[PDB]
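>>> Structure for the following, please:
(4 chains)
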Amino acid sequence: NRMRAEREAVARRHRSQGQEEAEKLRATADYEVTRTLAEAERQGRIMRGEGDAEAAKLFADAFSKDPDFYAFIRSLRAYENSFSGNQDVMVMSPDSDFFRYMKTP
Amino acid sequence: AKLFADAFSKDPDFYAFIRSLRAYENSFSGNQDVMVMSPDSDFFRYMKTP
Amino acid sequence: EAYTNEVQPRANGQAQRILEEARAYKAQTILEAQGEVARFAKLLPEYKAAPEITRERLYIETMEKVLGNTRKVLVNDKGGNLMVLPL
Amino acid sequence: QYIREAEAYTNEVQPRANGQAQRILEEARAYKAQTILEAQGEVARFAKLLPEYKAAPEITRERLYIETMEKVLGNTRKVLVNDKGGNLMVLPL
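Residues are numbered from 1 along each chain as shown, chains lettered A, B, ... in the order given. Sharing the structure here:
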């Protein structure tokens, strides 16, 4: 039974060593994917910046005319968007700004 | 960091502004994070009578 | 030979992909920007005609929207008590 | 048999450790390559966007601020309660 072991040990070595090389090459493959993924993302940001950068001059002049009214209409819209859900509670009072005609004349 | 340092040293306040804004959405992404606002709060300014 | 000649296509296709992909965002960004720019360029002249009325209507309209969904309390002031009761 | 099986286990695990070593070594290289390239892309965005902000700082800041607030506000539990009444509890889970 001892002879079996010594051959069996060599066998596992030959089997296990081959596995090791797989890991080495497998890892290098992952690096190449990461080299191209980042490269692509870099080119994207460059163009993706020009996009918002190009629109920034448009928004700038459009809202420069009246940034107080733009903030008013935009913030009013933002409230409807933010308060879209029913997870908040508006704790007002019967004399609040909106509740001005809620009192007896 | 070298590229960040040079590209952001051009305007530190603006980089902080843009980076600070981006950080908020990444953290508050979940609804579990509650925000106890107030009507007086600077943002909630146009939600009142004009 | 023929090993490197095939690597380039893979990246070449991906390169043109992002180009068009990012160009679409920029195209949409410009387009959407112009639309929003035109949206405010049409309400501003009419807003200046009647700022108080336009502000009041938008405000009252905006209010009934937020209030329509969010819950309300309408509790009298001068009381420092509430139960956040979150989850 | 315990000794015979033991030698197999020792000889089997040693080559596997070497393979794992390269994987973590290679992953660090990929991280380094990804971070440098990613930084360059972000730098370009900031470089192109910076002049736009300098042209209209208040409008750009206000536009970005309102937009930023809307998203963080939409994904949170707004309260809108007079700060006077600061009587609340955490109720954690």
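>>> The longest helix seen in chain A near chain B anywhere?
When chain A is scanned for its longest helix (criterion: DSSP state H), the result is helix A:2-64. No - using C-beta under 8 Å from any C-beta of the partner chain, helix A:2-64 stays clear of chain B, coming no nearer than 11.0 Å. C-betas here are computed from N, CA, C, even on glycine.
>>> Likewise for stretch A:85-94?
Yes - using C-beta under 8 Å from any C-beta, stretch A:85-94 reaches chain B at residue A:87.
>>> neighbouring contacts of that stretch?
A:98-99, A:102-103, B:31, C:66-67, C:69-77, C:82, D:74, D:77-82 (C-beta atoms under 8 Å, 6 or more residues apart in numbering or on different chains).
>>> Okay, and which of the residues you listed map to helices?
Filtering the contacts of stretch A:85-94 for helices - DSSP H - leaves C:66, C:67, C:69, D:74.
>>> how about the residues you listed in CSV, adding distance to chain A?
Formatted as CSV, those follow (distance: C-beta to the nearest C-beta, whole Å):
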residue, distance to chain A
C:66, 4
C:67, 6
C:69, 5
D:74, 5
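>>> Residue of chain C closest to chain B, please.
Residue nearest to chain B within chain C: residue C:55 (3.7 Å; C-beta to the nearest C-beta).
>>> For that residue, which non-adjacent residue is closest in space?
The shortest distance from residue C:55 to any non-neighbouring residue, by C-beta to C-beta, 6 or more residues apart in numbering or on different chains, is to residue B:50 (3.7 Å).
>>> tally of neighbours for that neighbour?
15 (other C-beta atoms under 10 Å in any protein chain shown).
>>> Send me stretch A:75-86 as PDB with only the CA atoms.
Output of stretch A:75-86 as PDB, limited to C-alpha atoms (Å, rounded to 0.1, in the frame of the first residue of the first chain):
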ATOM      1  CA  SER A  75     -37.800  74.300  -7.100                       C
ATOM      2  CA  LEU A  76     -41.600  74.000  -7.300                       C
ATOM      3  CA  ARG A  77     -41.000  71.100  -9.800                       C
ATOM      4  CA  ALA A  78     -38.300  69.600  -7.500                       C
ATOM      5  CA  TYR A  79     -40.800  69.600  -4.600                       C
ATOM      6  CA  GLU A  80     -43.400  67.600  -6.600                       C
ATOM      7  CA  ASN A  81     -40.600  65.200  -7.600                       C
ATOM      8  CA  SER A  82     -39.100  64.900  -4.100                       C
ATOM      9  CA  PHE A  83     -42.500  64.700  -2.400                       C
ATOM     10  CA  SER A  84     -43.800  62.300  -5.200                       C
ATOM     11  CA  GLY A  85     -44.000  59.600  -2.500                       C
ATOM     12  CA  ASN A  86     -46.100  59.300   0.600                       C
END
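>>> Now do the contacts for residue C:54.
C:43, C:46, C:47.
>>> my bad, should have said residue C:40
Contact analysis of residue C:40 by C-beta under 8 Å, 6+ apart lists A:62, A:63, A:70, A:73.
>>> let's see 6 Å
For residue C:40, the contact set (C-beta atoms under 6 Å, 6 or more residues apart in numbering or on different chains) comprises A:62, A:70.
>>> In PyMOL, how would I select the buried members of the ones in helices among the contacts of stretch A:85-94?
Applying 16 or more other C-beta atoms under 10 Å in any protein chain shown to these leaves a buried subset, and the PyMOL line that selects it is:
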select buried, (chain C and resi 66) or (chain D and resi 74)
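>>> Could you list the contact residues of chain C toward chain B?
C:55, C:59, C:86 (C-beta under 6 Å from any C-beta of the partner chain).
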